[PDB]
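Peer 1: heads up, no residue letters with this:
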């Protein structure tokens, strides 16, 4: 169906990930974007 | 002439106001926005 | 009335005939009818929005 | 030259025949003439503003 | 897929014959041909620019 | 469904032709329509009551 | 109650206020000092005046880290305080109970 | 238990935590100082801020080795501490039992070989921002003893993805491994207020 | 009773938050079958000498 046999104790781990940058939070609060003065009262 | 005789003595007064949000000042004086991008340094 | 059209300069998700294109500016924001389908209609306002009431 | 057009395919307030509309992008910034009426025509860019001088 | 498109009626410098005037042509962020001519033709936009997925 | 009829052959007010007699078991308790007229219709039972839902 | 008179409820003391804001703990500084110009600095300060203290705080942290002279001066100033002996004294002409509390 | 309250189990004290990580002991420093440009240094610092302390630690080691003035200053600063006489004192208005405990601890520290090396290894945290020394626990009958103190390179650790102030071993997993209680002496001097990554003096001295 | 049971409907209702975020994501699993190797650019040219 969807199998995979991998080692875990080796110096390398299969399918290695890459957390290049953290989970930075991007926000649209108030007088920081135009969505809220020259637009509706929208925030993303 | 649209006058309004009012008792203003009962538990409530006529044309009662509803203060939801104060007069928070909104400003656009920084290059942060696209008003200064698309226009000649127009602050709002 | 139409409180907001949510149309100007923005294009939303429109799933029709099995292909969900983006056009016709069908944005809306109200609780009149087809509220459940409002999510599908507003599923992709990819572009910047600029509301303007039609006073419908 | 033209100091500015501020069109973005939107006028500020083009009011004719007793009704005020928003279209035709007739935004100007100059005191050549009709400054008093230029206040009424201008002074209401509801949508975004894009200035592209026509060098007229 | 090609990433790079300009579909906001935006202005770009396209040179026809002895002059460079507003027009929308290639308008892509990827190049494989006409790079030297694209540079003159692909001058980044003057006005609002928004990108889409042509997937052509 | 009518969750209460409040009839029990009670003398419900029916103000018709300037006189408020009791014609039939017009007892009802719901927020469907004519609440303002429901005030006149279901003001004075004047007799013993017992609700038996009609599941309408 | 507190010194300011605000009512004090011991129920809320069991957990930190920021515990229910797990989003904050995952943030990373944006390092606004890199590529900083006088115009950018003026904008940062003006925005901070208006309630956007995040950029100002990050800029101050970068400024502290990237300047050796400023860092040395601030560290010396703070270490001056850190080396002072301290004591707790009772109020003016305090009573026996107040002395015991102190 | 420990000071932090974490449960303490004497079973895990027989073997060092890193014994089951034989991969670490075979690594060699990458020497990131060679061919270093301001852009590379900025990238190294930013990546270290995000939990990649290996490159930062190796760069700091190279910086210490390759600069004679900086090395002399740091050595003088550390030798200042290494020459101070020390004593163990009982708590405020301690009782006879507490005084006896303090006296026994003082006698044990006096007769414990390798104290100076432990202090020197701990003082590395001044420049590196954190120093970890692994403990070897042995039983000479009924009394536990620190057999030896092992200083592990700062390149062997990382930051917890869910906590920027908590260090963890590099065990090939994204989350690393939590530090064993009673298995380490972690020294983290605080010159500046902030997270552990930004707390090193070499971060100030790099430019 | 109330002659306008529809108007009092909002009066007689109540809101309780129990379904709000009454769910969680599946437990983290990439740690077991993957290792993070963070970089600082838009590529990674791995290299080894066999």
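Peer 2: It's in. Numbers count the residues shown, from 1 in each chain, chains lettered A, B, ... in the order given.

Peer 1: contacts for stretch A:2-22?
Peer 2: G:26-28, H:23, H:50-51, H:161, H:172-174, I:30, I:32-40, I:44 (CB atoms under 8 Å, 6 or more residues apart in numbering or on different chains). The way it works is simple: take the backbone N, C-alpha and C, and place the C-beta from them, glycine included.

Peer 1: To clarify, my last question referred to stretch C:6-13.
Peer 2: Contacts of stretch C:6-13 (CB under 8 Å, 6+ apart): A:40, C:20, C:22-23, C:25-29, C:40-52, D:47-48, E:8, E:48.

Peer 1: Could I have the buried ones of these as PyMOL selection syntax?
Peer 2: Of those, the buried ones go into a single PyMOL selection, burial set by 16 or more other CB atoms under 10 Å in any protein chain shown:
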select buried, (chain C and resi 22+27+28+41+42+44+45+47+48+49+50+51) or (chain D and resi 47+48) or (chain E and resi 8+48)
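
Peer 1: Only the buried subset of the contacts of stretch A:2-22, as a PyMOL command please.
Peer 2: Selection of buried members from those for PyMOL, criterion 16+ other CB under 10 Å:
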select buried, (chain G and resi 28) or (chain H and resi 50+51+161+172+173+174) or (chain I and resi 33+34+35+36+37+38+40)
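
Peer 1: Quick check: helices, which of the contacts of stretch A:2-22 are part of them?
Peer 2: Using DSSP state H, no member of the contacts of stretch A:2-22 sits in helices.

Peer 1: The contacts of stretch A:2-22 also near chain A: which ones?
Peer 2: Among the contacts of stretch A:2-22, the residues within reach of chain A (CB under 8 Å from any CB of the partner chain) are G:26-28, H:23, H:50-51, H:161, H:172-174, I:30, I:32-40, I:44.

Peer 1: Smallest distance to chain E belongs to which residue of chain C?
Peer 2: Closest residue of chain C to chain E, CB to the nearest CB: residue C:47 (5.2 Å).

Peer 1: wait, that residue sits on residue E:48?
Peer 2: No. Using CB atoms under 8 Å as the test, residue C:47 is too far from residue E:48 to be in contact (9.6 Å).

Peer 1: Next to chain H, which bits of chain G? Give me the list.
Peer 2: Within chain G, the positions lying close to chain H (CB under 8 Å from any CB) are G:25-26, G:28-29, G:31, G:34, G:61, G:64-66, G:68, G:71, G:75.

Peer 1: What segments of chain I are strands?
Peer 2: For chain I, no strands are identified by DSSP state E.

Peer 1: cool, chain C as well?
Peer 2: C:14-16, C:19-21.

Peer 1: okay, these, which one's buried deepest?
Peer 2: Counting by mean count of other CB atoms under 10 Å in any protein chain shown, strand C:14-16 has the highest mean neighbour count of the strands of chain C, with a mean of 13.

Peer 1: How about that strand and chain E, any contact?
Peer 2: No. With CB under 8 Å from any CB as the criterion, chain E is not reached by strand C:14-16; the gap is at least 14.4 Å.

Peer 1: which outside residues touch that strand?
Peer 2: So strand C:14-16 is contacted by C:20-24, C:26, C:40-41, C:43 (CB under 8 Å, 6+ apart).

Peer 1: how about residue C:34, what does it touch?
Peer 2: Shown in contact with residue C:34 (CB under 8 Å, 6+ apart): residue C:41.
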